[PDB]
Amino acid sequence: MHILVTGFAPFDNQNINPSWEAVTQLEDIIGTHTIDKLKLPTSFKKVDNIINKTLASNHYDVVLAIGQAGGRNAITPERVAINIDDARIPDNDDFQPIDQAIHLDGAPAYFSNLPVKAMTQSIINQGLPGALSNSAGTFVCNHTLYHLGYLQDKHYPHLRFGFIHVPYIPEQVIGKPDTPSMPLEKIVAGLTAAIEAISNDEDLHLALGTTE
Amino acid sequence: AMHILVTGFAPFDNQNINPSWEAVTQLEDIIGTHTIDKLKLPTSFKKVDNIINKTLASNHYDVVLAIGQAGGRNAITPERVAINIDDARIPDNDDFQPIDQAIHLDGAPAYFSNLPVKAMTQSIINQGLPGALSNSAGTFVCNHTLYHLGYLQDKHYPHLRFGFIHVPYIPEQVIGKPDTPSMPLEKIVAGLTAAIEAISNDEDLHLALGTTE
Ligand SMILES: [Zn+2]
Ligand SMILES: [Zn+2]
């Protein structure tokens, strides 16, 4: 399987983004998966066009987008994206969409069609903190996952797509009391395990739901 | 004169109390110009839809506002959206554990609450309480209930407004779990009261209450 793996540019006054840092360190072949890496701007207006053009110029079986989830304490594949942008802060283009539909002709939500539970458990099997997240937020990451789901619905029926959020890396939490982080090497190991678990087979129906 | 049905859940997962119901019981019967009816729901995937169906068929409510416990959360959190999946980490009180099951095969992939969720969130914050707009109601009985309300609004009751507010554990539920946040019950009651006061038929606020994760 030929996989496009993306990471995001630094944003919110950070000079580094763990998603891209981790992606840079991935092996170029992980098992039978061949990996192409792409750095996306943290930009609501630019991301969809970059994805569109990239899929138009190259054949990918899978698009797996990685992002920073500052404050999370686990590596978390995402189950679902929702059809709204609601930016707490502006993006890197100083654009702050609030309560805006992403695609008016799209579904209210799209579920990832990667084996998200297999990927989550693969992280856990390596002894790393992993969990299946049920919200990708309402910033550029959710927007990207949503757009991938919209493309699979409307234009690319066989495309497999998903998103994995990762914690801050340690250097990012100076001056942020009680904020979790995870060493970059661990993030890379977890992402590697998740990618290894990617296939066209049915997901694992493990007890990985979130129960309050 | 808005008529609101406010629900809370039964204790579950070896807890003796559920702060959602404890808080709902303590709400005033009138909050602003809103008349409040209270209903305790079982923590049961199979029973909740039938109870809600029968209750809405027999009574006229302008709003159904369901309250639930979100153990581990550190804020009172109105919910933006419900998703069309049950994925139970543990069994419910009937020992039923749906895993990766659609809730209504003929329903939308997700339903957005049509209450002014940002007005509600900000109302909590205005009282000096931790409040946030949540973008996942989980995949247990709470999400199920919110989703079912959205499904009913879509398919049967277009004039109904519906939503969900999760609340933290209360301190009696976290004894010996010092890294687990909680909120005193009286503060939960104050926050729910503030959220209900902010309910109306007007457009929601569009404040910067989104999340980057
Ligand atoms: Zn993100
Ligand atoms: Zn709940």
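Values quoted throughout were computed directly from the atomic coordinates according to the rules given, and no laboratory measurement underlies them. FYI the Cβ positions are ideal-geometry reconstructions off the backbone, even for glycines, and counts take in every protein chain you see.
When only DSSP loop residues count, what GluC sites (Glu not before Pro) in segment B:20-82 have their Cβ near at most 15 other Cβ atoms within 10 Å? Don't skip to the end; give the middle numbers.
On the way: sites: B:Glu22, B:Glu28, B:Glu79; in loops: B:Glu28.
Listed in order of number, the matching sites are B:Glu28.
Can you pull a Stokes-Einstein diffusion coefficient for chain B at 10 °C (1.306 mPa s), Rh from Kirkwood over Cα pairs, as a whole number of µm²/s?
After rounding, the answer is 93 µm²/s.
On average over all directions, what projected area in square nanometres does segment A:82-179 have, based on the convex hull of its Cα atoms?
Dividing the Cα hull surface by four gives the mean projection, 8.2 nm².
Place a +1 charge on the Cβ of each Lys and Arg in chain B and a -1 charge on the Cβ of each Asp and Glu, then give the dipole magnitude about the Cα centre in debye, rounded to the nearest 20.
80 debye
Summarise the partner chain shielding of A:124-136 as one whole number: the mean count of Cβ atoms from other chains within 10 Å of each residue's Cβ. Could the numbers behind the result be given before it?
On the way: counts 0, 0, 0, 0, 0, 0, 0, 0, 3, 2, 9, 10, 4.
That average works out to 2.
Cα-Cα pairs above 35 Å in the protein assembly as shown: how many percent?
Value for the protein assembly as shown (Cα pairs over 35 Å): 27 percent.
Quick check on my link table: of A:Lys186/B:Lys118; B:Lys54/B:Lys118; A:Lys117/B:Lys54; A:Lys154/B:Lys54; B:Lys47/B:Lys155, which ones sit more than 27 Å apart, alpha carbon to alpha carbon?
Result: A:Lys186/B:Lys118; B:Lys54/B:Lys118; A:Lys117/B:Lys54; A:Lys154/B:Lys54 exceed 27 Å.
In a shell of Cβ-Cβ distance under 14 Å around A:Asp93, excluding A:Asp93 itself, what net charge do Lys and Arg (+1) and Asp and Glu (-1) give?
That works out to -3.
Loop only per DSSP, at most 15 neighbouring Cβ atoms within 10 Å: give me the chymotrypsin sites (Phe, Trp or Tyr not before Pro) in segment A:3-97, ordered by residue number.
Passing both the DSSP loop test and the Cβ count: A:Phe95.
I'd like the antiparallel share, as a percent to the nearest 5, of DSSP beta bridges with both residues in chain B. Write down the numbers at each step before the final one.
Working: 9 of 30 bridges.
Close to 30 percent.
Hey, what number do you get for chain A at 222 nm if only DSSP H runs of n ≥ 4 count, each worth -39500 (n - 2.57), divided across all residues, to the nearest 500?
The helix-only estimate for chain A comes to -9000 deg cm²/dmol at 222 nm.
Considering amide H positions built from the backbone, and no H for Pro or chain starts, which residues 5 or more places from A:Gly67, or on another chain, come under 5 Å of its amide H?
Sorted by chain and number, the residues that satisfy this are A:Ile164, A:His165, A:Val166.
Please average, across the residues of B:199-212, the number of beta carbons from any other chain that are within 10 Å of each residue's own beta carbon, and give a whole number.
That works out to 5 on average.
Counting C-alpha atoms alone, how compact is segment B:2-126: give Rg to one decimal and Dmax as a whole number, in angstrom.
For segment B:2-126, the Cα-based Rg and Dmax read 15.2, 41 Å.
In whole angstrom, note down how far apart the Cα centers of segment B:134-159 and segment A:139-212 are.
Distance between centres, Cα-based: 25 Å.
Given the protein assembly as shown, what percent of its DSSP beta bridges are antiparallel, to the nearest 5? Intermediate values should be presented prior to the final figure.
On the way: 18 of 59 bridges.
Roughly 30 percent of the DSSP beta bridges within the protein assembly as shown come out antiparallel.
Pairs of Cα atoms under 8 Å, at least six residues apart: use those to get the relative contact order of chain A, whole percent. All intermediate terms of the calculation are to be shown ahead of the outcome.
On the way: 445 pairs, mean separation 58.6, N = 212.
Dividing the mean separation by the residue count of chain A yields 28 percent.
Across segment A:65-72, in residue order, what do the Karplus-derived ³J(HN,Hα) couplings come to in whole Hz, using 6.51 cos²θ - 1.76 cosθ + 1.60 with θ = phi - 60° and x for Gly and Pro?
9, 10, x, 6, 10, x, x, 6
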